[PDB]
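Peer 1: Coordinates in target.txt, compact mmCIF, C-alpha atoms and all ligand atoms, are listed below.
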# COMPACT_ATOMS: atom_id res chain seq x y z
CA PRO A 101 12.73 176.92 24.75
CA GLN A 102 10.29 175.02 26.91
CA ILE A 103 9.80 171.68 25.23
CA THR A 104 6.85 169.49 26.05
CA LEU A 105 6.93 165.76 25.55
CA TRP A 106 3.79 164.89 23.65
CA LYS A 107 6.06 164.15 20.67
CA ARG A 108 9.72 163.13 20.54
CA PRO A 109 11.97 166.13 21.46
CA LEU A 110 13.74 166.29 18.14
CA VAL A 111 15.92 169.28 17.27
CA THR A 112 18.33 170.31 14.56
CA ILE A 113 22.03 169.99 15.35
CA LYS A 114 25.00 171.14 13.33
CA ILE A 115 28.16 169.11 13.29
CA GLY A 116 30.89 169.15 10.66
CA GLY A 117 28.99 171.94 8.88
CA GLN A 118 26.00 169.59 8.31
CA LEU A 119 22.54 169.84 9.75
CA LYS A 120 21.12 166.68 11.28
CA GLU A 121 18.09 165.74 13.39
CA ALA A 122 18.76 164.57 16.99
CA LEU A 123 16.81 163.50 20.04
CA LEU A 124 17.22 165.33 23.36
CA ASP A 125 17.62 162.40 25.73
CA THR A 126 17.83 162.86 29.48
CA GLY A 127 18.17 159.08 29.89
CA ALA A 128 21.39 159.06 27.85
CA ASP A 129 24.57 159.70 29.77
CA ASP A 130 26.43 160.42 26.54
CA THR A 131 25.87 161.90 23.06
CA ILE A 132 26.02 159.40 20.23
CA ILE A 133 25.58 160.03 16.52
CA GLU A 134 25.25 157.89 13.47
CA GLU A 135 28.32 157.10 11.41
CA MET A 136 30.04 160.19 10.05
CA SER A 137 33.50 161.63 9.68
CA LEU A 138 34.88 163.51 12.71
CA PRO A 139 38.35 165.00 13.06
CA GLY A 140 41.05 163.80 15.28
CA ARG A 141 41.84 160.71 17.28
CA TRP A 142 39.29 158.50 18.90
CA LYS A 143 39.32 156.21 21.90
CA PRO A 144 37.27 153.13 22.66
CA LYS A 145 34.18 153.30 24.85
CA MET A 146 31.61 150.89 26.16
CA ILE A 147 28.06 152.16 26.51
CA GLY A 148 24.93 150.49 27.90
CA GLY A 149 21.51 150.67 26.45
CA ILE A 150 18.26 148.83 26.68
CA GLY A 151 19.62 145.73 24.90
CA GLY A 152 23.02 145.56 26.57
CA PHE A 153 26.50 147.08 26.14
CA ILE A 154 28.20 147.98 22.84
CA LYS A 155 31.57 149.38 21.89
CA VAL A 156 31.66 152.74 20.12
CA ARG A 157 34.18 155.44 19.00
CA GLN A 158 34.76 158.36 21.34
CA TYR A 159 35.84 161.73 19.94
CA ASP A 160 36.64 164.57 22.37
CA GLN A 161 36.25 168.36 22.08
CA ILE A 162 33.97 168.27 19.05
CA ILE A 163 32.19 171.46 18.04
CA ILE A 164 28.45 170.93 17.85
CA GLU A 165 25.43 173.30 17.77
CA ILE A 166 22.22 172.03 19.41
CA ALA A 167 19.02 173.93 18.58
CA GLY A 168 21.18 177.02 18.01
CA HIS A 169 23.20 176.57 21.23
CA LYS A 170 26.97 176.13 20.97
CA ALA A 171 28.66 173.19 22.65
CA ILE A 172 32.11 171.65 22.48
CA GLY A 173 32.52 168.22 23.98
CA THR A 174 32.56 164.48 23.68
CA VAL A 175 30.67 162.86 20.80
CA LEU A 176 30.40 159.10 20.36
CA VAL A 177 29.93 157.45 16.97
CA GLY A 178 28.32 154.02 16.61
CA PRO A 179 25.15 152.04 15.85
CA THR A 180 22.33 154.10 17.28
CA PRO A 181 18.66 154.19 16.29
CA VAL A 182 18.74 158.05 16.09
CA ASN A 183 21.27 160.79 16.80
CA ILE A 184 21.14 161.30 20.59
CA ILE A 185 22.07 164.38 22.58
CA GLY A 186 22.73 163.16 26.09
CA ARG A 187 23.46 164.68 29.44
CA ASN A 188 27.08 165.65 28.76
CA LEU A 189 25.91 168.21 26.16
CA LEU A 190 22.47 168.90 27.65
CA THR A 191 24.30 170.24 30.68
CA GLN A 192 26.53 172.48 28.57
CA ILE A 193 23.52 174.18 26.94
CA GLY A 194 21.91 174.62 30.32
CA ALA A 195 19.03 172.19 29.97
CA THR A 196 16.94 171.14 32.92
CA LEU A 197 13.88 169.02 33.49
CA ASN A 198 11.02 170.85 35.17
CA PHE A 199 7.65 169.79 36.54
CA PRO B 1 11.05 170.95 40.86
CA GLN B 2 13.93 171.76 38.50
CA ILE B 3 16.34 168.94 37.89
CA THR B 4 19.79 169.52 36.48
CA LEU B 5 21.46 166.95 34.35
CA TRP B 6 24.87 166.74 35.88
CA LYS B 7 23.86 163.27 37.12
CA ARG B 8 21.15 160.90 36.08
CA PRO B 9 17.64 162.32 36.80
CA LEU B 10 16.44 159.62 39.17
CA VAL B 11 13.30 159.82 41.24
CA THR B 12 11.26 157.58 43.50
CA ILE B 13 8.13 156.08 42.08
CA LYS B 14 5.35 153.97 43.51
CA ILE B 15 3.85 151.31 41.23
CA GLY B 16 1.84 148.27 42.17
CA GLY B 17 2.34 149.02 45.83
CA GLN B 18 6.11 149.02 45.47
CA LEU B 19 8.66 151.84 45.73
CA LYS B 20 11.27 151.93 43.01
CA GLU B 21 13.97 154.27 41.68
CA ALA B 22 13.40 155.33 38.03
CA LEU B 23 15.08 157.50 35.43
CA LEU B 24 13.11 160.43 33.93
CA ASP B 25 13.85 159.86 30.27
CA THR B 26 12.83 162.22 27.50
CA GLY B 27 14.30 159.81 24.98
CA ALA B 28 11.98 156.94 25.90
CA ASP B 29 8.59 156.83 24.19
CA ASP B 30 7.08 154.58 26.86
CA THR B 31 7.72 153.71 30.47
CA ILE B 32 9.59 150.43 31.10
CA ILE B 33 9.99 148.87 34.52
CA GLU B 34 12.02 145.82 35.62
CA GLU B 35 10.19 142.54 36.16
CA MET B 36 7.28 142.80 38.58
CA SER B 37 3.66 141.65 38.73
CA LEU B 38 0.89 144.05 37.66
CA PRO B 39 -2.85 143.42 37.55
CA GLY B 40 -4.99 142.94 34.44
CA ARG B 41 -4.44 142.06 30.90
CA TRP B 42 -1.23 142.42 28.92
CA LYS B 43 0.13 141.86 25.46
CA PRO B 44 3.66 141.19 24.24
CA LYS B 45 5.78 143.88 22.63
CA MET B 46 9.39 144.34 21.50
CA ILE B 47 11.27 147.58 22.24
CA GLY B 48 14.77 148.41 21.19
CA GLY B 49 17.68 150.78 21.15
CA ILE B 50 21.32 150.72 21.93
CA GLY B 51 22.34 147.07 22.09
CA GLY B 52 19.24 145.79 20.36
CA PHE B 53 15.76 144.74 21.43
CA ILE B 54 14.02 143.17 24.41
CA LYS B 55 10.67 141.47 24.78
CA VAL B 56 8.33 143.11 27.29
CA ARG B 57 4.72 142.84 28.52
CA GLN B 58 2.49 145.83 27.85
CA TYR B 59 -0.01 146.70 30.62
CA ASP B 60 -2.44 149.50 29.97
CA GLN B 61 -4.17 151.89 32.43
CA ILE B 62 -1.62 151.49 35.26
CA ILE B 63 -1.31 154.20 37.92
CA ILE B 64 2.17 155.34 38.97
CA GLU B 65 3.09 157.98 41.56
CA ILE B 66 6.13 159.80 40.22
CA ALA B 67 7.97 161.96 42.68
CA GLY B 68 4.59 162.67 44.31
CA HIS B 69 2.58 163.18 41.14
CA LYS B 70 0.03 160.59 40.07
CA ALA B 71 -0.24 159.56 36.43
CA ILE B 72 -2.01 156.81 34.54
CA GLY B 73 -0.95 155.11 31.38
CA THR B 74 0.80 152.16 29.71
CA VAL B 75 3.60 150.49 31.58
CA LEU B 76 5.95 148.02 29.89
CA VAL B 77 7.50 145.32 32.07
CA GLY B 78 10.65 143.40 31.12
CA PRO B 79 14.39 142.92 31.42
CA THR B 80 15.41 146.56 31.33
CA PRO B 81 18.68 147.42 33.02
CA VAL B 82 17.12 150.56 34.55
CA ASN B 83 13.48 151.56 35.42
CA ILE B 84 12.53 154.29 32.98
CA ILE B 85 9.69 156.81 33.09
CA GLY B 86 9.10 157.70 29.47
CA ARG B 87 7.23 160.43 27.65
CA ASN B 88 3.85 158.73 27.96
CA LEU B 89 3.89 159.45 31.71
CA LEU B 90 6.19 162.52 31.75
CA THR B 91 3.55 164.46 29.85
CA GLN B 92 0.97 163.65 32.53
CA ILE B 93 3.05 165.17 35.30
CA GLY B 94 3.68 168.30 33.14
CA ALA B 95 7.40 167.67 32.63
CA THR B 96 9.25 169.92 30.22
CA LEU B 97 12.85 170.28 29.07
CA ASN B 98 14.00 173.90 29.41
CA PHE B 99 17.03 175.72 28.03
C1 LIG A 201 17.97 154.93 22.61
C2 LIG A 201 16.75 155.79 22.82
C3 LIG A 201 16.19 156.25 21.45
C4 LIG A 201 15.65 154.96 23.53
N1 LIG A 201 16.06 154.46 24.84
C5 LIG A 201 16.04 155.47 25.87
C6 LIG A 201 17.41 155.98 26.29
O1 LIG A 201 17.25 157.17 27.06
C7 LIG A 201 18.25 154.97 27.04
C8 LIG A 201 17.82 154.64 28.46
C9 LIG A 201 18.69 153.66 29.19
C10 LIG A 201 19.64 154.08 30.10
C11 LIG A 201 20.52 153.12 30.64
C12 LIG A 201 20.37 151.77 30.34
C13 LIG A 201 19.39 151.33 29.46
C14 LIG A 201 18.58 152.30 28.90
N2 LIG A 201 19.62 155.46 27.11
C15 LIG A 201 20.68 155.04 26.39
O2 LIG A 201 20.65 154.20 25.50
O3 LIG A 201 21.83 155.71 26.71
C16 LIG A 201 23.00 155.37 25.96
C17 LIG A 201 22.95 156.23 24.69
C18 LIG A 201 24.09 157.23 24.86
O4 LIG A 201 24.29 157.36 26.27
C19 LIG A 201 24.20 155.97 26.70
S1 LIG A 201 15.64 152.90 25.16
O5 LIG A 201 16.05 152.60 26.54
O6 LIG A 201 16.21 152.07 24.07
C20 LIG A 201 13.90 152.69 25.15
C21 LIG A 201 13.21 152.40 23.96
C22 LIG A 201 11.82 152.32 24.03
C23 LIG A 201 11.08 152.64 25.16
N3 LIG A 201 9.72 152.54 25.18
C24 LIG A 201 11.76 152.91 26.34
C25 LIG A 201 13.15 152.93 26.29
CL CL A 202 31.59 166.36 27.17
CL CL A 203 0.02 155.74 27.77
CL CL A 204 1.25 170.53 28.23
NA NA A 205 -4.88 147.18 32.14
Show me the file's structure as structure tokens.
Ligand SMILES: CC(C)CN(C[C@@H](O)[C@H](Cc1ccccc1)NC(=O)O[C@H]1CCOC1)S(=O)(=O)c1ccc(N)cc1
Ligand SMILES: [Cl-]
Ligand SMILES: [Cl-]
Ligand SMILES: [Cl-]
Ligand code: NA
Peer 2:
Amino acid sequence: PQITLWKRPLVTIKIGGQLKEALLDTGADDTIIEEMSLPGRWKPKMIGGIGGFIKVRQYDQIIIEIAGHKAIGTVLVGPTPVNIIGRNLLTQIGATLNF
Amino acid sequence: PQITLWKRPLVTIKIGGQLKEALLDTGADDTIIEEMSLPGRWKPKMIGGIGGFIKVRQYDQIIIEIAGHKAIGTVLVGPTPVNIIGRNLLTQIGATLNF
């Protein structure tokens, strides 16, 4: 698609066999989702946002579909206002900003 | 142009006579710039996200040259860790996310 920005760029994602809503966020280095069960081991990560830095859980090589596009990569889990698809997975699905 | 997302999508902006570097951020509803003076009236606002909320000043009807493209709209000013061009001004320069 070509997505304009008059409203929030919200899409459906599928993770763990469940559909969720997520924000496509070019200002997010990383993908972070609200608390849920993911398989495997996790590692600690510090991420920075508007209010400061927080520690979150990092899961690697997670299968995730984004607006129908398949990705496999790093998903963080932690306190987040919305599920966020950031540049690590935006790049995998071939997203660019154009003007 | 067409901007990939392998690295942060940073551009040069001009605002209030000053050149700054800013992130083109599809996840940000409104544009937020680090502390600077702007002309006219303002009102206080709180904005939040990862790491919580910050208090900002909301200035309306501010012109900003973004990578060569002029746009007018609301500009928030406050202790953001990064200058962010949000959707309110991305729309005006015809920015889209494509994949
Ligand atoms: C969290 C989203 C929903 C909203 N933010 C936008 C995001 O793009 C935000 C931008 C940013 C980059 C680096 C440092 C600080 C902020 N990135 C962000 O948190 O990246 C984290 C999430 C995973 O990767 C790392 S916001 O800054 O809170 C915000 C809120 C309101 C307005 N008007 C403007 C900005
Ligand atoms: Cl990744
Ligand atoms: Cl505006
Ligand atoms: Cl349009
Ligand atoms: Na004004």
Peer 1: So which residues are near ligand CL 203 (chain A), meaning at most 12 Å away with all atoms listed in the file counted, given back as a list in words?
Peer 2: residues 106 of chain A; 29, 30, 31, 32, 58, 59, 60, 61, 62, 63, 64, 71, 72, 73, 74, 75, 76, 85, 86, 87, 88, 89, 90, 91 and 92 of chain B
Peer 1: Chain B residues within 9 Å of chain A, counting only C-alpha atoms: which ones, as a PyMOL selection string?
Peer 2: chain B and resi 1-9+23-29+47-54+79-82+84+87-88+90-91+93-99
Peer 1: Please, what distance in Å, to one decimal, runs between atom CA of residue B:56 and atom CA of residue B:77?
Peer 2: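 Computed distance, atom CA of residue B:56 to atom CA of residue B:77, equals 5.3 Å.
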Peer 1: Point out the residue among B:45, B:33, B:40, B:57 with the least atom-to-atom distance to residue B:18, counting all atoms listed in the file.
Peer 2: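 The shortest atom-to-atom distance to residue B:18 comes from B:33.
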Peer 1: Here is a test: counting only C-alpha atoms and all ligand atoms, which residue of B:12, B:22, B:66, B:42 is nearest to ligand LIG 201 (chain A)?
Peer 2: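 Closest candidate: B:22.
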Peer 1: Using only C-alpha atoms for the distances, tell me which of A:136, A:114, A:121, A:170 is nearest to residue A:183.
Peer 2: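 So, comparing all the options, the nearest one is A:121.
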Peer 1: What separation in Å, quoted to one decimal, exists between atom CA of residue B:37 and atom NA of ligand NA 205 (chain A)?
Peer 2: 12.1 Å
Peer 1: Measure the distance from atom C1 of ligand LIG 201 (chain A) to atom CA of residue A:146 in Å and round it to one decimal.
Peer 2: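 Interatomic distance here is 14.7 Å.
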Peer 1: With distances taken over all atoms listed in the file, which of B:20, B:15, B:65, B:39 is nearest to ligand NA 205 (chain A)?
Peer 2: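 Closest to ligand NA 205 (chain A) of all the choices is B:39.
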Peer 1: Given 8 Å on each side, where is the centre and what are the edge lengths in Å to one decimal of the axis-aligned box enclosing the listed atoms of stretch 104-114 of chain A, as lines of an AutoDock Vina configuration file?
Peer 2:
center_x = 14.4
center_y = 167.1
center_z = 19.7
size_x = 37.2
size_y = 24.0
size_z = 28.7
